[PDB]
Number of protein chains: 2
Amino acid sequence: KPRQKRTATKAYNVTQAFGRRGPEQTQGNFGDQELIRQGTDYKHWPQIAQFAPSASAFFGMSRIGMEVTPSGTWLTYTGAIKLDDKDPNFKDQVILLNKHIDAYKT
Amino acid sequence: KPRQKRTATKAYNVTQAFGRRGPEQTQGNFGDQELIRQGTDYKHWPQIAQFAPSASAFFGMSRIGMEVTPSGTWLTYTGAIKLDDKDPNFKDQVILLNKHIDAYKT
Ligand SMILES: [Cl-]
């Protein structure tokens with residue numbers, strides 16, 4: 001029920017769990033219409049999930065901060081996950097992620 | 001094993017998995033000496049892990065990008081996870097995260 005622990009599915013999709021996609025700093029930007037509708041039921045979810053960090057890696061790799069704003073107290077995070085450009089699936093992986101980044105603008 | 005899927009423990013600690021804490025863009029900044037050396041064996045690891053995102057929430061909550069540089073092709077990410085200041089453990093949660101944020105500077 002805490003937002004960060006939700007898992008979107010067709011029965012409880014990306015908008016229900018995580019809000020509409022959009023350009024504001026408080027919004028997620030990732031997902032075309034079918035990923036939004038299907039969440040982890042999406043046809044290529046495992047190929048996306050392979051880039052998501054474990055809890056240990058989330059706190060080990062990221063730059064972590066905290067911010068107390070008018071809306072509340074936030075744990076902030078930024079980081080980058082390196083793709084293997086030698087993987088024979090590398091080009092497909094780039095295509096897959098680009099299909100969903102800022103897809104709401106199309 | 002791909003870095004984002006690693007789990008640090010006493011036998012394979014945060015440094016071995018995720019590199020030394022530091023100030024640079026490629027470095028994690030989170031963890032005091034105890035957490036670094038113990039990973040998920042750390043005494044308060046569950047109280048930290050409760051803020052890590054599920055794979056679905058990682059891609060649902062974060063602002064996702066991609067960058068190509070001489071150092072590789074990168075999936076970049078940023079976001080903010082709200083704490084519940086109505087939780088009676090809220091203050092101790094803020095204290096715990098603050099203890100580990102940039103602790104390498106102390
Ligand atoms: Cl998953």
# chains A, B, ... in the order shown; residues from 1 in each chain; ligands from 1
call {"tool": "residues_around", "arguments": {"residues": "residue 71 (chain A)", "least_positions_apart": "4", "cutoff": "12 Å", "atoms": "only C-alpha atoms", "output": "MDAnalysis selection string"}}
result
(chainID A and resid 26 67) or (chainID B and resid 80:85)
call {"tool": "write_last_selection", "arguments": {"atoms": "N, CA and C atoms", "output": "CSV table (one decimal), in the first residue's frame"}}
result
chain,number,residue,atom,x,y,z
A,26,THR,N,6.9,15.7,-10.0
A,26,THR,CA,6.2,14.8,-9.2
A,26,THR,C,5.6,13.6,-9.9
A,67,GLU,N,14.3,15.7,1.5
A,67,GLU,CA,13.8,17.1,1.3
A,67,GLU,C,12.5,17.2,2.1
B,80,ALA,N,11.3,10.6,-6.0
B,80,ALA,CA,11.1,11.0,-4.6
B,80,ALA,C,10.0,10.1,-4.0
B,81,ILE,N,10.4,9.6,-2.8
B,81,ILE,CA,9.5,8.7,-2.1
B,81,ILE,C,9.0,9.4,-0.8
B,82,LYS,N,7.7,9.5,-0.6
B,82,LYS,CA,7.2,10.3,0.5
B,82,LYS,C,7.1,9.4,1.8
B,83,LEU,N,7.6,10.0,2.9
B,83,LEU,CA,7.5,9.3,4.1
B,83,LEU,C,6.1,9.7,4.8
B,84,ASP,N,5.6,8.8,5.6
B,84,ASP,CA,4.4,9.0,6.3
B,84,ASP,C,4.7,9.7,7.6
B,85,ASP,N,4.5,11.0,7.7
B,85,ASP,CA,4.8,11.6,9.0
B,85,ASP,C,3.8,11.4,10.1
call {"tool": "residues_around", "arguments": {"residues": "residue 98 (chain A)", "least_positions_apart": "3", "cutoff": "10 Å", "atoms": "only C-alpha atoms", "output": "list in words"}}
result
residues 30, 31, 32, 92, 93, 94, 95, 101, 102 and 103 of chain A; 64, 65 and 66 of chain B
call {"tool": "select_by_dssp", "arguments": {"residues": "region 27-92 of chain A", "states": "alpha helix (DSSP H)", "output": "PDB file with N, CA, C and O atoms, in the first residue's frame"}}
result
ATOM      1  N   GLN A  33       0.822   3.328 -23.664  1.00  0.00           N
ATOM      2  CA  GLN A  33      -0.530   3.064 -23.170  1.00  0.00           C
ATOM      3  C   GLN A  33      -0.693   1.614 -22.719  1.00  0.00           C
ATOM      4  O   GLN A  33      -1.378   1.331 -21.726  1.00  0.00           O
ATOM      5  N   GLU A  34      -0.061   0.681 -23.422  1.00  0.00           N
ATOM      6  CA  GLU A  34      -0.268  -0.715 -23.080  1.00  0.00           C
ATOM      7  C   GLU A  34       0.474  -1.098 -21.799  1.00  0.00           C
ATOM      8  O   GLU A  34      -0.053  -1.852 -20.979  1.00  0.00           O
ATOM      9  N   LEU A  35       1.693  -0.596 -21.603  1.00  0.00           N
ATOM     10  CA  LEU A  35       2.357  -0.819 -20.319  1.00  0.00           C
ATOM     11  C   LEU A  35       1.570  -0.184 -19.180  1.00  0.00           C
ATOM     12  O   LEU A  35       1.442  -0.776 -18.103  1.00  0.00           O
ATOM     13  N   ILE A  36       1.039   1.022 -19.391  1.00  0.00           N
ATOM     14  CA  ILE A  36       0.237   1.653 -18.345  1.00  0.00           C
ATOM     15  C   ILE A  36      -0.947   0.767 -17.979  1.00  0.00           C
ATOM     16  O   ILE A  36      -1.223   0.532 -16.799  1.00  0.00           O
ATOM     17  N   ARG A  37      -1.638   0.226 -18.988  1.00  0.00           N
ATOM     18  CA  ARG A  37      -2.807  -0.611 -18.729  1.00  0.00           C
ATOM     19  C   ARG A  37      -2.442  -1.945 -18.088  1.00  0.00           C
ATOM     20  O   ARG A  37      -3.220  -2.465 -17.282  1.00  0.00           O
ATOM     21  N   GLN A  38      -1.285  -2.522 -18.427  1.00  0.00           N
ATOM     22  CA  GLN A  38      -0.989  -3.891 -18.007  1.00  0.00           C
ATOM     23  C   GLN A  38      -0.045  -3.992 -16.816  1.00  0.00           C
ATOM     24  O   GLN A  38      -0.033  -5.036 -16.154  1.00  0.00           O
ATOM     25  N   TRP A  45       7.279  -7.114 -19.762  1.00  0.00           N
ATOM     26  CA  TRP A  45       7.652  -6.676 -18.420  1.00  0.00           C
ATOM     27  C   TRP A  45       8.959  -7.290 -17.928  1.00  0.00           C
ATOM     28  O   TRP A  45       9.775  -6.542 -17.363  1.00  0.00           O
ATOM     29  N   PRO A  46       9.221  -8.595 -18.070  1.00  0.00           N
ATOM     30  CA  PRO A  46      10.486  -9.119 -17.534  1.00  0.00           C
ATOM     31  C   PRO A  46      11.703  -8.458 -18.154  1.00  0.00           C
ATOM     32  O   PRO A  46      12.717  -8.259 -17.470  1.00  0.00           O
ATOM     33  N   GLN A  47      11.620  -8.083 -19.425  1.00  0.00           N
ATOM     34  CA  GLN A  47      12.738  -7.429 -20.088  1.00  0.00           C
ATOM     35  C   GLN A  47      12.913  -5.995 -19.619  1.00  0.00           C
ATOM     36  O   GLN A  47      14.001  -5.428 -19.778  1.00  0.00           O
ATOM     37  N   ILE A  48      11.866  -5.394 -19.059  1.00  0.00           N
ATOM     38  CA  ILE A  48      12.014  -4.097 -18.407  1.00  0.00           C
ATOM     39  C   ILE A  48      12.527  -4.273 -16.982  1.00  0.00           C
ATOM     40  O   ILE A  48      13.464  -3.588 -16.543  1.00  0.00           O
ATOM     41  N   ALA A  49      11.921  -5.207 -16.247  1.00  0.00           N
ATOM     42  CA  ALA A  49      12.243  -5.412 -14.844  1.00  0.00           C
ATOM     43  C   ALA A  49      13.700  -5.787 -14.631  1.00  0.00           C
ATOM     44  O   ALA A  49      14.226  -5.598 -13.524  1.00  0.00           O
ATOM     45  N   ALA A  55      16.576  -3.919  -3.559  1.00  0.00           N
ATOM     46  CA  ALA A  55      16.574  -2.936  -2.476  1.00  0.00           C
ATOM     47  C   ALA A  55      17.997  -2.590  -2.065  1.00  0.00           C
ATOM     48  O   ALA A  55      18.333  -1.413  -1.874  1.00  0.00           O
ATOM     49  N   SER A  56      18.859  -3.603  -1.971  1.00  0.00           N
ATOM     50  CA  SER A  56      20.257  -3.363  -1.637  1.00  0.00           C
ATOM     51  C   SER A  56      20.936  -2.483  -2.682  1.00  0.00           C
ATOM     52  O   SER A  56      21.679  -1.557  -2.341  1.00  0.00           O
ATOM     53  N   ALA A  57      20.692  -2.755  -3.962  1.00  0.00           N
ATOM     54  CA  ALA A  57      21.318  -1.963  -5.012  1.00  0.00           C
ATOM     55  C   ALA A  57      20.726  -0.562  -5.078  1.00  0.00           C
ATOM     56  O   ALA A  57      21.439   0.403  -5.364  1.00  0.00           O
ATOM     57  N   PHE A  58      19.422  -0.434  -4.838  1.00  0.00           N
ATOM     58  CA  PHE A  58      18.816   0.893  -4.814  1.00  0.00           C
ATOM     59  C   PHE A  58      19.534   1.789  -3.819  1.00  0.00           C
ATOM     60  O   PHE A  58      19.892   2.929  -4.138  1.00  0.00           O
ATOM     61  N   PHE A  59      19.800   1.269  -2.619  1.00  0.00           N
ATOM     62  CA  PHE A  59      20.508   2.071  -1.626  1.00  0.00           C
ATOM     63  C   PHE A  59      22.024   2.039  -1.797  1.00  0.00           C
ATOM     64  O   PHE A  59      22.708   2.899  -1.228  1.00  0.00           O
ATOM     65  N   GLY A  60      22.561   1.122  -2.600  1.00  0.00           N
ATOM     66  CA  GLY A  60      23.998   1.036  -2.780  1.00  0.00           C
ATOM     67  C   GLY A  60      24.508   1.843  -3.959  1.00  0.00           C
ATOM     68  O   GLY A  60      25.614   2.389  -3.901  1.00  0.00           O
ATOM     69  N   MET A  61      23.709   1.914  -5.036  1.00  0.00           N
ATOM     70  CA  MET A  61      24.090   2.595  -6.275  1.00  0.00           C
ATOM     71  C   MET A  61      23.663   4.058  -6.333  1.00  0.00           C
ATOM     72  O   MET A  61      24.337   4.866  -6.984  1.00  0.00           O
ATOM     73  N   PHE A  90      21.274  -6.001 -26.661  1.00  0.00           N
ATOM     74  CA  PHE A  90      21.447  -4.608 -26.259  1.00  0.00           C
ATOM     75  C   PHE A  90      20.587  -3.678 -27.103  1.00  0.00           C
ATOM     76  O   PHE A  90      19.899  -2.798 -26.570  1.00  0.00           O
ATOM     77  N   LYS A  91      20.618  -3.852 -28.427  1.00  0.00           N
ATOM     78  CA  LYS A  91      19.834  -2.978 -29.286  1.00  0.00           C
ATOM     79  C   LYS A  91      18.342  -3.114 -28.999  1.00  0.00           C
ATOM     80  O   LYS A  91      17.618  -2.116 -28.992  1.00  0.00           O
ATOM     81  N   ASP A  92      17.866  -4.342 -28.768  1.00  0.00           N
ATOM     82  CA  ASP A  92      16.455  -4.529 -28.424  1.00  0.00           C
ATOM     83  C   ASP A  92      16.111  -3.839 -27.108  1.00  0.00           C
ATOM     84  O   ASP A  92      15.022  -3.262 -26.964  1.00  0.00           O
TER      85      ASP A  92
END
call {"tool": "closest_atom_pairs", "arguments": {"of": "chain A", "to": "ligand 1", "cutoff": "12 Å", "atoms": "only C-alpha atoms and all ligand atoms", "output": "CSV"}}
result
residue,atom,partner,partner_atom_place_in_ligand_line,distance
A:5,CA,ligand 1,1 (Cl),11.4
A:6,CA,ligand 1,1 (Cl),10.7
A:7,CA,ligand 1,1 (Cl),7.8
A:8,CA,ligand 1,1 (Cl),9.4
A:9,CA,ligand 1,1 (Cl),10.3
A:39,CA,ligand 1,1 (Cl),9.4
A:40,CA,ligand 1,1 (Cl),6.3
A:41,CA,ligand 1,1 (Cl),9.4
A:42,CA,ligand 1,1 (Cl),10.5
A:44,CA,ligand 1,1 (Cl),10.8
A:45,CA,ligand 1,1 (Cl),7.2
A:46,CA,ligand 1,1 (Cl),6.6
A:47,CA,ligand 1,1 (Cl),9.6
A:48,CA,ligand 1,1 (Cl),8.6
A:49,CA,ligand 1,1 (Cl),5.5
A:50,CA,ligand 1,1 (Cl),8.3
A:51,CA,ligand 1,1 (Cl),10.2
A:52,CA,ligand 1,1 (Cl),8.4
A:53,CA,ligand 1,1 (Cl),10.6
A:54,CA,ligand 1,1 (Cl),10.6
call {"tool": "write_last_selection", "arguments": {"atoms": "C-alpha atoms", "output": "compact mmCIF listing (two decimals), in the first residue's frame"}}
result
# COMPACT_ATOMS: atom_id res chain seq x y z
CA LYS A 5 5.79 -1.13 -2.56
CA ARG A 6 2.90 -1.32 -5.05
CA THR A 7 2.97 -3.65 -8.05
CA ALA A 8 0.83 -2.59 -11.00
CA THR A 9 -1.12 -5.28 -12.89
CA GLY A 39 1.72 -3.08 -15.45
CA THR A 40 3.61 -6.28 -14.67
CA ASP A 41 1.22 -8.17 -16.97
CA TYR A 42 2.82 -6.33 -19.92
CA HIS A 44 7.73 -7.47 -22.14
CA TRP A 45 7.65 -6.68 -18.42
CA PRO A 46 10.49 -9.12 -17.53
CA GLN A 47 12.74 -7.43 -20.09
CA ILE A 48 12.01 -4.10 -18.41
CA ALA A 49 12.24 -5.41 -14.84
CA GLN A 50 15.76 -6.70 -15.51
CA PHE A 51 16.95 -3.10 -15.08
CA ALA A 52 15.12 -2.39 -11.80
CA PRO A 53 17.38 -2.36 -8.73
CA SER A 54 17.21 -4.69 -5.78
call {"tool": "atom_distance", "arguments": {"atom1": "CA of residue 70 (chain B)", "atom2": "CA of residue 3 (chain B)"}}
result
19.2 Å
call {"tool": "select_by_dssp", "arguments": {"residues": "region 2-80 of chain A", "states": "strand (DSSP E)", "output": "PDB file with N, CA, C and O atoms, in the first residue's frame"}}
result
ATOM      1  N   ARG A  63      22.298   8.033  -5.567  1.00  0.00           N
ATOM      2  CA  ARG A  63      22.539   9.201  -4.738  1.00  0.00           C
ATOM      3  C   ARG A  63      21.246   9.541  -4.004  1.00  0.00           C
ATOM      4  O   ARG A  63      20.216   9.827  -4.629  1.00  0.00           O
ATOM      5  N   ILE A  64      21.296   9.456  -2.676  1.00  0.00           N
ATOM      6  CA  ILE A  64      20.124   9.535  -1.816  1.00  0.00           C
ATOM      7  C   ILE A  64      20.123  10.898  -1.137  1.00  0.00           C
ATOM      8  O   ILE A  64      21.175  11.392  -0.720  1.00  0.00           O
ATOM      9  N   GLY A  65      18.943  11.500  -1.022  1.00  0.00           N
ATOM     10  CA  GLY A  65      18.794  12.741  -0.288  1.00  0.00           C
ATOM     11  C   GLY A  65      17.498  12.731   0.491  1.00  0.00           C
ATOM     12  O   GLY A  65      16.719  11.774   0.424  1.00  0.00           O
ATOM     13  N   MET A  66      17.282  13.806   1.250  1.00  0.00           N
ATOM     14  CA  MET A  66      15.988  14.032   1.882  1.00  0.00           C
ATOM     15  C   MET A  66      15.585  15.489   1.729  1.00  0.00           C
ATOM     16  O   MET A  66      16.429  16.384   1.784  1.00  0.00           O
ATOM     17  N   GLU A  67      14.287  15.716   1.534  1.00  0.00           N
ATOM     18  CA  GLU A  67      13.750  17.056   1.349  1.00  0.00           C
ATOM     19  C   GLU A  67      12.456  17.185   2.129  1.00  0.00           C
ATOM     20  O   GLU A  67      11.584  16.315   2.039  1.00  0.00           O
ATOM     21  N   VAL A  68      12.334  18.265   2.889  1.00  0.00           N
ATOM     22  CA  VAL A  68      11.112  18.589   3.614  1.00  0.00           C
ATOM     23  C   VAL A  68      10.460  19.761   2.892  1.00  0.00           C
ATOM     24  O   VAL A  68      10.936  20.900   2.976  1.00  0.00           O
ATOM     25  N   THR A  73       7.729  15.132   3.789  1.00  0.00           N
ATOM     26  CA  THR A  73       9.142  14.765   3.865  1.00  0.00           C
ATOM     27  C   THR A  73       9.405  13.658   2.855  1.00  0.00           C
ATOM     28  O   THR A  73       8.685  12.654   2.839  1.00  0.00           O
ATOM     29  N   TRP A  74      10.414  13.851   2.005  1.00  0.00           N
ATOM     30  CA  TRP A  74      10.681  12.954   0.886  1.00  0.00           C
ATOM     31  C   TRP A  74      12.102  12.411   0.940  1.00  0.00           C
ATOM     32  O   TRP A  74      13.050  13.152   1.216  1.00  0.00           O
ATOM     33  N   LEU A  75      12.233  11.116   0.663  1.00  0.00           N
ATOM     34  CA  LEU A  75      13.503  10.499   0.310  1.00  0.00           C
ATOM     35  C   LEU A  75      13.710  10.689  -1.185  1.00  0.00           C
ATOM     36  O   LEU A  75      12.936  10.160  -1.989  1.00  0.00           O
ATOM     37  N   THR A  76      14.752  11.409  -1.556  1.00  0.00           N
ATOM     38  CA  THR A  76      15.047  11.653  -2.959  1.00  0.00           C
ATOM     39  C   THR A  76      16.162  10.722  -3.429  1.00  0.00           C
ATOM     40  O   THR A  76      17.017  10.298  -2.644  1.00  0.00           O
ATOM     41  N   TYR A  77      16.139  10.393  -4.718  1.00  0.00           N
ATOM     42  CA  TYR A  77      17.118   9.463  -5.256  1.00  0.00           C
ATOM     43  C   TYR A  77      17.380   9.805  -6.714  1.00  0.00           C
ATOM     44  O   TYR A  77      16.481  10.226  -7.445  1.00  0.00           O
ATOM     45  N   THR A  78      18.628   9.615  -7.122  1.00  0.00           N
ATOM     46  CA  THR A  78      19.007   9.738  -8.514  1.00  0.00           C
ATOM     47  C   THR A  78      20.123   8.738  -8.756  1.00  0.00           C
ATOM     48  O   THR A  78      20.856   8.373  -7.836  1.00  0.00           O
ATOM     49  N   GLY A  79      20.231   8.272  -9.990  1.00  0.00           N
ATOM     50  CA  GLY A  79      21.300   7.351 -10.315  1.00  0.00           C
ATOM     51  C   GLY A  79      21.215   6.948 -11.765  1.00  0.00           C
ATOM     52  O   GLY A  79      20.406   7.478 -12.529  1.00  0.00           O
ATOM     53  N   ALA A  80      22.059   5.993 -12.133  1.00  0.00           N
ATOM     54  CA  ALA A  80      22.075   5.496 -13.497  1.00  0.00           C
ATOM     55  C   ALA A  80      22.455   4.031 -13.456  1.00  0.00           C
ATOM     56  O   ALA A  80      23.298   3.622 -12.653  1.00  0.00           O
TER      57      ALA A  80
END
call {"tool": "decode", "arguments": {"residues": "region 7-45 of chain A", "atoms": "N, CA and C atoms", "output": "CSV table (one decimal), in the first residue's frame"}}
result
chain,number,residue,atom,x,y,z
A,7,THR,N,2.7,-3.0,-6.8
A,7,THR,CA,3.0,-3.6,-8.1
A,7,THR,C,1.8,-3.5,-8.9
A,8,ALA,N,1.9,-2.8,-10.1
A,8,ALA,CA,0.8,-2.6,-11.0
A,8,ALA,C,0.6,-3.9,-11.8
A,9,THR,N,-0.7,-4.2,-12.1
A,9,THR,CA,-1.1,-5.3,-12.9
A,9,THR,C,-2.3,-4.8,-13.7
A,10,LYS,N,-2.8,-5.7,-14.6
A,10,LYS,CA,-4.0,-5.3,-15.4
A,10,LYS,C,-5.2,-5.0,-14.4
A,11,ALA,N,-5.2,-5.6,-13.3
A,11,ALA,CA,-6.3,-5.4,-12.3
A,11,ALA,C,-6.0,-4.2,-11.4
A,12,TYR,N,-4.8,-3.6,-11.4
A,12,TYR,CA,-4.4,-2.5,-10.6
A,12,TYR,C,-3.3,-1.8,-11.3
A,13,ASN,N,-3.6,-1.0,-12.3
A,13,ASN,CA,-2.7,-0.6,-13.4
A,13,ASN,C,-1.8,0.5,-12.9
A,14,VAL,N,-0.9,1.0,-13.9
A,14,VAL,CA,0.1,1.9,-13.6
A,14,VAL,C,-0.4,3.2,-13.1
A,15,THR,N,-1.6,3.7,-13.7
A,15,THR,CA,-2.2,4.9,-13.3
A,15,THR,C,-2.8,4.8,-11.9
A,16,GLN,N,-3.5,3.6,-11.6
A,16,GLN,CA,-4.1,3.4,-10.3
A,16,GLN,C,-3.0,3.4,-9.2
A,17,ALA,N,-1.8,2.8,-9.5
A,17,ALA,CA,-0.8,2.7,-8.5
A,17,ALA,C,0.1,4.0,-8.4
A,18,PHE,N,0.4,4.6,-9.5
A,18,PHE,CA,1.5,5.5,-9.6
A,18,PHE,C,1.1,6.9,-10.2
A,19,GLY,N,-0.1,7.1,-10.6
A,19,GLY,CA,-0.5,8.3,-11.2
A,19,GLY,C,-0.3,8.4,-12.7
A,20,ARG,N,-1.0,9.4,-13.3
A,20,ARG,CA,-0.8,9.6,-14.7
A,20,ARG,C,0.6,9.9,-15.0
A,21,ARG,N,1.1,9.5,-16.2
A,21,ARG,CA,2.4,10.0,-16.7
A,21,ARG,C,2.3,11.4,-17.1
A,22,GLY,N,3.5,12.1,-17.1
A,22,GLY,CA,3.5,13.5,-17.4
A,22,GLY,C,4.9,14.1,-17.2
A,23,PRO,N,4.9,15.4,-17.4
A,23,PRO,CA,6.2,16.1,-17.4
A,23,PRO,C,6.6,16.8,-16.1
A,24,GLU,N,5.7,16.7,-15.0
A,24,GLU,CA,6.1,17.4,-13.8
A,24,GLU,C,7.0,16.5,-13.0
A,25,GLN,N,7.8,17.2,-12.1
A,25,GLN,CA,8.8,16.6,-11.3
A,25,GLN,C,8.2,15.6,-10.3
A,26,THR,N,6.9,15.7,-10.0
A,26,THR,CA,6.2,14.8,-9.2
A,26,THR,C,5.6,13.6,-9.9
A,27,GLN,N,5.7,13.5,-11.2
A,27,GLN,CA,5.1,12.5,-12.0
A,27,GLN,C,6.2,11.5,-12.5
A,28,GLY,N,5.8,10.3,-12.7
A,28,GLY,CA,6.5,9.4,-13.5
A,28,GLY,C,6.3,9.7,-15.0
A,29,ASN,N,7.3,9.3,-15.8
A,29,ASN,CA,7.2,9.6,-17.3
A,29,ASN,C,7.3,8.3,-18.1
A,30,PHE,N,7.3,7.1,-17.5
A,30,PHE,CA,7.7,5.9,-18.2
A,30,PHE,C,6.4,5.1,-18.5
A,31,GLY,N,6.2,4.7,-19.7
A,31,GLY,CA,5.2,3.8,-20.1
A,31,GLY,C,4.3,4.3,-21.3
A,32,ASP,N,4.2,3.5,-22.3
A,32,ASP,CA,3.2,3.7,-23.3
A,32,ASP,C,1.9,3.2,-22.8
A,33,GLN,N,0.8,3.3,-23.7
A,33,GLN,CA,-0.5,3.1,-23.2
A,33,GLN,C,-0.7,1.6,-22.7
A,34,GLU,N,-0.1,0.7,-23.4
A,34,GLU,CA,-0.3,-0.7,-23.1
A,34,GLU,C,0.5,-1.1,-21.8
A,35,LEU,N,1.7,-0.6,-21.6
A,35,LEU,CA,2.4,-0.8,-20.3
A,35,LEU,C,1.6,-0.2,-19.2
A,36,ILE,N,1.0,1.0,-19.4
A,36,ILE,CA,0.2,1.7,-18.3
A,36,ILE,C,-0.9,0.8,-18.0
A,37,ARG,N,-1.6,0.2,-19.0
A,37,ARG,CA,-2.8,-0.6,-18.7
A,37,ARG,C,-2.4,-1.9,-18.1
A,38,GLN,N,-1.3,-2.5,-18.4
A,38,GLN,CA,-1.0,-3.9,-18.0
A,38,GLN,C,0.0,-4.0,-16.8
A,39,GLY,N,0.7,-3.0,-16.5
A,39,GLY,CA,1.7,-3.1,-15.5
A,39,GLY,C,2.6,-4.3,-15.6
A,40,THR,N,2.7,-5.1,-14.6
A,40,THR,CA,3.6,-6.3,-14.7
A,40,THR,C,3.0,-7.4,-15.5
A,41,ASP,N,1.8,-7.3,-16.0
A,41,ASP,CA,1.2,-8.2,-17.0
A,41,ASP,C,1.6,-7.8,-18.4
A,42,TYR,N,2.4,-6.8,-18.6
A,42,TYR,CA,2.8,-6.3,-19.9
A,42,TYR,C,3.6,-7.4,-20.6
A,43,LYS,N,3.5,-7.5,-21.9
A,43,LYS,CA,4.1,-8.6,-22.7
A,43,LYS,C,5.6,-8.7,-22.5
A,44,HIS,N,6.3,-7.5,-22.3
A,44,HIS,CA,7.7,-7.5,-22.1
A,44,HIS,C,8.1,-6.9,-20.8
A,45,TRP,N,7.3,-7.1,-19.8
A,45,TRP,CA,7.7,-6.7,-18.4
A,45,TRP,C,9.0,-7.3,-17.9
